[PDB]
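Structural characterization, general
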Amino acid sequence: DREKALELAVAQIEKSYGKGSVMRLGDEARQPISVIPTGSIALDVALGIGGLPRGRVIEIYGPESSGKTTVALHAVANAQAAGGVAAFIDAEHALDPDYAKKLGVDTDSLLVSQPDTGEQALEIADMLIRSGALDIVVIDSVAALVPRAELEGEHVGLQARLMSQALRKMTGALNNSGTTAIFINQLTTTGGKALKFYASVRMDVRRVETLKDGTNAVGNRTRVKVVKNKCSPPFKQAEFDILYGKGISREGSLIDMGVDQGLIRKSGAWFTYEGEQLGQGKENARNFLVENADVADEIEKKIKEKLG
């Protein structure tokens, strides 16, 4: 009786409001056709559907130099890598393309708009989404989008009304086109509370601690926290390594989820995969896996097989 009334109830909530309106936190996720891998299996896993969804607004947010921008450029890198077309609306004026190319972005064929207002930024994105040619669009950033009025001189609050209007319209078209939009935001105090509710995924990117290679300390350890997720149970979280100049370590992530899933064995500062030995201490095993793509792809597919 109690279950049937609950499963019935829950089923009607989905009928009238859609997919992830209600979920238990332990539930398995659905499994979409295609998603955009994040660049880290950990964050792919934490997201529950093995990557960022499509036809969705996505908010990545954190403080100055947290990594978010990198996380976003890997979404672009992967979207393109599968022959997708990308776009980048830029209000910050801080994109380093040399760094982008190192993560794997195809800057040469990356669409860039550097608009002159918030009105323009969004209307261009809106116009570009309806072409149905783009897979992903990034908008750096929500803070920098300053409304026409404010730029001309002519009471505040007009930015939040802008973000709200724009999203309502844009939210429709995204689900039709199968495009993904990423808004990068900083820390309606930073723009609009609207993004918070239109977003189907919201990631909280922070910097946990600085990595060090003994002397000459490279990279930072990042921690995304998936505070909202309509495509899968939320409040999951992932840590990974962003290395200066290289970005997210795909290999370093495979090791961590490796040992975690019991596929890899830490004997004693010694990393073992399935009889053979990978290296001595993470930075070796990582630098081994990067030299050997064959063993890297295998580990990835096995962890995925083992989950989704």
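Comments concerning helix α1 (residues 2-17)
- Along its 16 residues, α1 runs 22 Å from first to last C-alpha, staying within 8% of the 22 Å computed at 1.5 Å per residue.
- Backbone geometry just after α1 places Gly18 at a positive phi near 110°.

Topic: the UniProt feature "binding site: ATP" in the protein
- The residues that UniProt annotates with the feature "binding site: ATP" are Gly62, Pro63, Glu64, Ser65, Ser66, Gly67, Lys68 and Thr69.
- Structurally, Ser65 is set in the loop between β1 (57-62) and α3 (68-81).
- Within the element layout of this structure, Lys68 appears in helix α3.
- Judged by its relative accessible area of 9%, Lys68 falls in the buried class.
- Setting aside residues no more than four positions away along its own chain, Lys68 makes contact with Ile60, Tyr61, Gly62, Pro63, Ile184, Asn185 and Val205.

Some words on the packing of helix α5 (residues 118-130) against helix α7 (residues 158-177)
- Where α5 contacts α7, the two axes come as close as 9 Å, and the packing angle between them is 10°. Between α5 and α7, the angle falls in the class roughly parallel. Touching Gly118, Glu119, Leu122, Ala125, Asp126, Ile129 and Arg130 of α5 are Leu162, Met163, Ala166, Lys169, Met170, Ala173, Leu174 and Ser177, all from α7.
- For the contact of α5 with α7, a count of residues per class yields nine nonpolar, two polar and four charged.

A word on the environment of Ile33
- Note that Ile33 resides in the loop between α1 and α2 (41-47).
- Take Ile33: its relative accessible area is 92%, and that puts it in the exposed class.
- Linking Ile33 and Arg54, residues 21 residues apart in sequence, is a C-alpha distance of 9.8 Å.

Comments concerning the nonpolar core
- In this structure, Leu43, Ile136, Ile182 and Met203 are the most contacted members of the largest nonpolar core, which totals 49 residues.
- Here this core takes seven residues from α3, the largest share from any one element.
- Viewed by domain, this core spans two of them, domain 1 (23-248) and domain 2 (249-308), each represented by three or more residues.
- Core analysis: the next-biggest nonpolar cluster, separate from the first, contains 24 residues, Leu122, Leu134, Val137 and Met163 among them.

With respect to the sheet that holds strand β10 (residues 265-266)
- The sheet built from three strands is open, its strands ordered β10-β11-β12 with antiparallel pairing. Unpaired on one side and paired on the other, β10 and β12 (276-280) mark the two borders of the sheet.
- For β10 and strand β11 (residues 270-273), the ladder comprises two bridges, and the chain directions are antiparallel. By the bridge assignment, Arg265 is partnered in β11 with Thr272.
- Where helix α10 (residues 282-291) meets the sheet, its contacts fall on β11 and β12, and the angle it forms with β12 comes to roughly 125°.

Rules of the game
Residues numbered from 1 in each chain as written, not as in the entry; some residues may be left out. Heavy atoms only, no water. Residues with missing side-chain atoms left out of burial classes, pairs and counts. Helix = DSSP H or I, 4+ residues; strand = E, 2+ residues; numbered from the N terminus. Expected span 1.5 Å × (residues − 1). UniProt positions renumbered as here; feature names shortened; annotations may be inferred. Buried < 20%, exposed > 50% of the residue type's maximum accessible area, 1.4 Å probe, protein only. Contact = heavy atoms within 4.5 Å. Axes fitted to C-alpha atoms, helices over the stretch in contact; angles between N-to-C directions. Parallel < 35°, antiparallel > 145°, perpendicular 65-115°, else oblique. Nonpolar A, V, L, I, M, F, W, Y, C, P; charged D, E, K, R; others polar. Core = buried A, V, L, I, M, F, W, Y, C linked by side-chain atoms within 4.5 Å. Domains from an automatic or database assignment. Pairing = 2+ DSSP bridges.

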